[PDB]
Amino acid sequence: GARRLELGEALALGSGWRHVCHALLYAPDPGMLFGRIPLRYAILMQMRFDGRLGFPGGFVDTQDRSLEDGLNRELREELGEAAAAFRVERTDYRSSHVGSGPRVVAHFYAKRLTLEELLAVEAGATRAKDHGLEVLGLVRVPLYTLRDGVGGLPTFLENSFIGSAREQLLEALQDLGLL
């Protein structure tokens, strides 16, 4: 796996390093697939332009005052105006990893929404600036395993993921709920 960095460590890296920020947006979901399988949470990912599943967010530049401003800017471009109903903050920060690209550090955040907030993000996503360009569409992460022992989560994890998105996902699944 990619090297874990401390946040402070990462921010003290030279001007040549680029920082990228992504967020896992999630909300409790009381629904039940087929009326019997608890969904537990609605968690959003997206199909990226490169054919991989990822988390919304993107590069932070010099014109971004903080990691969190860059992140929220990128979420707005990628998810649309309903993203503005909330702010992902330093309290939502979970991890930093050395990126595979030359001198990239990947910061990961997890942000609890209400189901109504998450729903509004989904409903407006096709109006996002990057819908149909960087973002090919949003998908929810299935948290259940189906009665055949493979359908659902284990099969979702078999898709292609960008960077550390798979690891970032699994760690949040453990950390957060008993998912």
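Numbering starts at 1 and follows the sequence shown.
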- Quick one: say whether 153-161 or 11-19 has the higher mean Cα B-factor in the deposited entry. 11-19
- Item | Which of 100-108 and 67-75 has higher mean CA B factor, as the PDB entry lists it | 100-108
- Specify which of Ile37, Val135, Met45, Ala27 carries the largest Cα B factor in the deposited PDB entry. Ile37
- Tell me which of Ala120, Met32, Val141, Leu113 tops the list for C-alpha B factor in the record. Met32
- By the record's CA B-factor, is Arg52 among the lowest, middle or highest third of residues in the chain? lowest
- Note on the structure: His131: C-alpha B-factor third of its chain, per the entry, is the lowest
